[PDB]
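Pasting coords.pdb here (PDB, C-alpha atoms):
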```pdb
ATOM      1  CA  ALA A   1     -33.611  55.046 -23.005
ATOM      2  CA  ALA A   2     -34.300  52.795 -26.012
ATOM      3  CA  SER A   3     -30.696  51.622 -26.378
ATOM      4  CA  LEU A   4     -30.534  51.127 -22.566
ATOM      5  CA  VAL A   5     -33.474  48.701 -22.768
ATOM      6  CA  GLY A   6     -31.722  46.857 -25.615
ATOM      7  CA  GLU A   7     -28.486  46.657 -23.622
ATOM      8  CA  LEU A   8     -30.389  45.232 -20.621
ATOM      9  CA  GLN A   9     -32.093  42.668 -22.868
ATOM     10  CA  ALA A  10     -28.725  41.555 -24.257
ATOM     11  CA  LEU A  11     -27.210  41.413 -20.762
ATOM     12  CA  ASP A  12     -30.098  39.223 -19.680
ATOM     13  CA  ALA A  13     -29.596  36.756 -22.533
ATOM     14  CA  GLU A  14     -25.853  36.604 -21.744
ATOM     15  CA  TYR A  15     -26.544  36.061 -18.065
ATOM     16  CA  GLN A  16     -29.079  33.260 -18.655
ATOM     17  CA  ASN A  17     -26.674  31.447 -20.958
ATOM     18  CA  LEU A  18     -23.755  31.900 -18.578
ATOM     19  CA  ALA A  19     -25.829  30.466 -15.748
ATOM     20  CA  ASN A  20     -26.771  27.400 -17.838
ATOM     21  CA  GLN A  21     -23.166  26.792 -18.858
ATOM     22  CA  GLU A  22     -21.789  27.192 -15.315
ATOM     23  CA  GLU A  23     -24.485  24.755 -14.094
ATOM     24  CA  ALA A  24     -23.754  22.241 -16.872
ATOM     25  CA  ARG A  25     -20.014  22.508 -16.036
ATOM     26  CA  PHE A  26     -20.738  21.713 -12.403
ATOM     27  CA  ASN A  27     -22.862  18.704 -13.392
ATOM     28  CA  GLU A  28     -20.062  17.463 -15.659
ATOM     29  CA  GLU A  29     -17.511  17.746 -12.810
ATOM     30  CA  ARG A  30     -19.895  15.752 -10.626
ATOM     31  CA  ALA A  31     -20.246  12.989 -13.179
ATOM     32  CA  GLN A  32     -16.424  12.902 -13.423
ATOM     33  CA  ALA A  33     -16.052  12.562  -9.635
ATOM     34  CA  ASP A  34     -18.781   9.898  -9.498
ATOM     35  CA  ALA A  35     -16.915   7.893 -12.160
ATOM     36  CA  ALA A  36     -13.576   8.299 -10.420
ATOM     37  CA  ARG A  37     -15.210   7.013  -7.207
ATOM     38  CA  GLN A  38     -16.337   3.809  -8.937
ATOM     39  CA  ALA A  39     -12.968   3.264 -10.672
ATOM     40  CA  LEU A  40     -11.068   4.063  -7.471
ATOM     41  CA  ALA A  41     -13.054   1.444  -5.477
ATOM     42  CA  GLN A  42     -12.398  -1.195  -8.109
ATOM     43  CA  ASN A  43      -8.727  -0.205  -8.198
ATOM     44  CA  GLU A  44      -8.291  -0.466  -4.403
ATOM     45  CA  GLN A  45      -9.525  -4.079  -4.575
ATOM     46  CA  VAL A  46      -7.092  -4.907  -7.363
ATOM     47  CA  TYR A  47      -4.212  -3.138  -5.626
ATOM     48  CA  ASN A  48      -4.737  -5.015  -2.371
ATOM     49  CA  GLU A  49      -4.997  -8.419  -4.032
ATOM     50  CA  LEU A  50      -1.967  -7.785  -6.230
ATOM     51  CA  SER A  51       0.112  -6.352  -3.403
ATOM     52  CA  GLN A  52      -0.560  -9.570  -1.494
ATOM     53  CA  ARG A  53       0.521 -11.543  -4.538
ATOM     54  CA  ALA A  54       3.736  -9.553  -5.079
ATOM     55  CA  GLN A  55       4.661  -9.760  -1.411
ATOM     56  CA  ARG A  56       4.198 -13.544  -1.391
ATOM     57  CA  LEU A  57       6.223 -13.960  -4.583
ATOM     58  CA  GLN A  58       9.032 -11.991  -2.937
ATOM     59  CA  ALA A  59       8.930 -13.867   0.361
ATOM     60  CA  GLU A  60       8.811 -17.248  -1.373
ATOM     61  CA  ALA A  61      11.466 -16.678  -4.042
ATOM     62  CA  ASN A  62      14.523 -17.910  -2.086
ATOM     63  CA  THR A  63      12.823 -21.250  -1.426
ATOM     64  CA  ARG A  64      11.391 -21.928  -4.903
ATOM     65  CA  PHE A  65      12.992 -24.012  -7.602
ATOM     66  CA  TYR A  66      12.361 -21.205 -10.091
ATOM     67  CA  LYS A  67      13.840 -18.542  -7.814
ATOM     68  CA  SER A  68      14.889 -16.220 -10.650
ATOM     69  CA  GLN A  69      11.389 -16.142 -12.155
ATOM     70  CA  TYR A  70       9.716 -15.586  -8.798
ATOM     71  CA  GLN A  71      12.054 -12.622  -8.284
ATOM     72  CA  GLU A  72      11.321 -11.244 -11.725
ATOM     73  CA  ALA A  73       7.551 -11.644 -11.264
ATOM     74  CA  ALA A  74       7.679  -9.863  -7.881
ATOM     75  CA  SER A  75       9.698  -7.048  -9.391
ATOM     76  CA  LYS A  76       7.357  -6.589 -12.375
ATOM     77  CA  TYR A  77       4.373  -6.595 -10.051
ATOM     78  CA  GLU A  78       6.055  -3.933  -7.908
ATOM     79  CA  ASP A  79       6.542  -1.733 -10.990
ATOM     80  CA  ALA A  80       2.882  -2.135 -11.988
ATOM     81  CA  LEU A  81       1.688  -1.443  -8.425
ATOM     82  CA  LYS A  82       3.542   1.898  -8.534
ATOM     83  CA  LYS A  83       1.658   2.772 -11.717
ATOM     84  CA  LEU A  84      -1.629   1.671 -10.141
ATOM     85  CA  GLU A  85      -0.849   3.816  -7.098
ATOM     86  CA  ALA A  86      -0.385   6.889  -9.306
ATOM     87  CA  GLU A  87      -3.701   6.161 -11.078
ATOM     88  CA  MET A  88      -5.498   5.942  -7.687
ATOM     89  CA  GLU A  89      -3.812   9.131  -6.447
ATOM     90  CA  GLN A  90      -5.120  11.009  -9.511
ATOM     91  CA  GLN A  91      -8.589   9.528  -8.960
ATOM     92  CA  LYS A  92      -8.598  10.714  -5.336
ATOM     93  CA  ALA A  93      -7.418  14.154  -6.544
ATOM     94  CA  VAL A  94     -10.475  14.379  -8.849
ATOM     95  CA  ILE A  95     -12.826  13.399  -6.035
ATOM     96  CA  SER A  96     -11.040  15.728  -3.600
ATOM     97  CA  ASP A  97     -11.172  18.689  -5.968
ATOM     98  CA  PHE A  98     -14.905  18.192  -6.514
ATOM     99  CA  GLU A  99     -15.671  18.013  -2.777
ATOM    100  CA  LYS A 100     -13.716  21.225  -2.192
ATOM    101  CA  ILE A 101     -15.404  23.173  -5.017
ATOM    102  CA  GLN A 102     -18.714  21.714  -3.788
ATOM    103  CA  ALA A 103     -17.940  23.252  -0.394
ATOM    104  CA  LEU A 104     -16.903  26.674  -1.727
ATOM    105  CA  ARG A 105     -20.148  27.038  -3.699
ATOM    106  CA  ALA A 106     -22.035  26.055  -0.556
TER     107      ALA A 106
END
```
Would you mind writing the file's structure down as structure tokens?
Amino acid sequence: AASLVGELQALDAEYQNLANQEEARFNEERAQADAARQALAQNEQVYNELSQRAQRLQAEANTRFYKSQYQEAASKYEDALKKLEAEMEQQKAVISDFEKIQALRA
């Protein structure tokens, strides 16, 4: 009777806190996806421009005086583009995960 009322009061405090924390967690995931969106868009621009650069370096190398350096530059750009591609893949995974969870809750 009296201890039941106390148990219900404690359950209510636990529930209200849990609800606030779950909500705050969702908002944090949203802010993380929003950031990833911005960074991803900036990255796509860089990737496209640099891919064009690396491709030109490669295509031009055989007919340049500094052939060896053009080849090396193209190769180092290709390595960096692979790293940039992995960064963008992880950014899309963050955005993707948030859209899915956003659907489930809905």
Counting all atoms listed in the file, which of A:75, A:62, A:69, A:43 gets nearest to residue A:90?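 Smallest separation from residue A:90 among the options: A:43.
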So how many Å separate atom CA of residue A:19 and atom CA of residue A:103, to one decimal?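 Between these atoms lies a distance of 18.7 Å.
Atom CA of residue A:91 to atom CA of residue A:42 spans 11.4 Å [interatomic distance, one decimal].
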By how many Å are atom CA of residue A:78 and atom CA of residue A:51 apart?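 Atom CA of residue A:78 sits 7.8 Å away from atom CA of residue A:51.
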Around stretch 84-87 of chain A, fit a box with edges along x, y and z, padding it by 5 Å on each side, then list its centre and edge lengths in Å to one decimal as JSON.
```
{"center_x": -2.0, "center_y": 4.3, "center_z": -9.1, "size_x": 13.3, "size_y": 15.2, "size_z": 14.0}
```
Tell me which residues the PyMOL selection byres ((chain A and resi 26-29) around 12) grabs here, as a CSV table (one decimal) with C-alpha atoms, keeping the file's coordinate frame.
```
chain,number,residue,atom,x,y,z
A,19,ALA,CA,-25.8,30.5,-15.7
A,20,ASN,CA,-26.8,27.4,-17.8
A,21,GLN,CA,-23.2,26.8,-18.9
A,22,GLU,CA,-21.8,27.2,-15.3
A,23,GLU,CA,-24.5,24.8,-14.1
A,24,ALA,CA,-23.8,22.2,-16.9
A,25,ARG,CA,-20.0,22.5,-16.0
A,30,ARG,CA,-19.9,15.8,-10.6
A,31,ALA,CA,-20.2,13.0,-13.2
A,32,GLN,CA,-16.4,12.9,-13.4
A,33,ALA,CA,-16.1,12.6,-9.6
A,34,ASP,CA,-18.8,9.9,-9.5
A,35,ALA,CA,-16.9,7.9,-12.2
A,36,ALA,CA,-13.6,8.3,-10.4
A,94,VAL,CA,-10.5,14.4,-8.8
A,95,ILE,CA,-12.8,13.4,-6.0
A,96,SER,CA,-11.0,15.7,-3.6
A,97,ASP,CA,-11.2,18.7,-6.0
A,98,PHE,CA,-14.9,18.2,-6.5
A,99,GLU,CA,-15.7,18.0,-2.8
A,100,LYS,CA,-13.7,21.2,-2.2
A,101,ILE,CA,-15.4,23.2,-5.0
A,102,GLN,CA,-18.7,21.7,-3.8
A,105,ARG,CA,-20.1,27.0,-3.7
```
So, with all atoms listed in the file as the atoms that count, which of A:80, A:73, A:41, A:11 lies closest to residue A:92?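 With all atoms listed in the file as the atom set, the closest residue is A:41.
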The PyMOL selection byres ((chain A and resi 55) around 12) - which residues does that actually catch in the file I just gave you? List them as a PyMOL selection string. chain A and resi 47-54+56-61+70-71+73-78+81
Selection to disk with C-alpha atoms, as a JSON list (two decimals), in the coordinates of the input:
```json
[["chain", "number", "residue", "atom", "x", "y", "z"],
["A", 47, "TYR", "CA", -4.21, -3.14, -5.63],
["A", 48, "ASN", "CA", -4.74, -5.01, -2.37],
["A", 49, "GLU", "CA", -5.00, -8.42, -4.03],
["A", 50, "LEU", "CA", -1.97, -7.78, -6.23],
["A", 51, "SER", "CA", 0.11, -6.35, -3.40],
["A", 52, "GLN", "CA", -0.56, -9.57, -1.49],
["A", 53, "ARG", "CA", 0.52, -11.54, -4.54],
["A", 54, "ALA", "CA", 3.74, -9.55, -5.08],
["A", 56, "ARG", "CA", 4.20, -13.54, -1.39],
["A", 57, "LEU", "CA", 6.22, -13.96, -4.58],
["A", 58, "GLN", "CA", 9.03, -11.99, -2.94],
["A", 59, "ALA", "CA", 8.93, -13.87, 0.36],
["A", 60, "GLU", "CA", 8.81, -17.25, -1.37],
["A", 61, "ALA", "CA", 11.47, -16.68, -4.04],
["A", 70, "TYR", "CA", 9.72, -15.59, -8.80],
["A", 71, "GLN", "CA", 12.05, -12.62, -8.28],
["A", 73, "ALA", "CA", 7.55, -11.64, -11.26],
["A", 74, "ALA", "CA", 7.68, -9.86, -7.88],
["A", 75, "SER", "CA", 9.70, -7.05, -9.39],
["A", 76, "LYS", "CA", 7.36, -6.59, -12.38],
["A", 77, "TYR", "CA", 4.37, -6.60, -10.05],
["A", 78, "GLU", "CA", 6.06, -3.93, -7.91],
["A", 81, "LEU", "CA", 1.69, -1.44, -8.43]]
```
Nearest residue to residue A:89 from the set A:5, A:44, A:64, A:15 (distances using only C-alpha atoms):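 Comparing A:5, A:44, A:64, A:15 against residue A:89, the winner is A:44.
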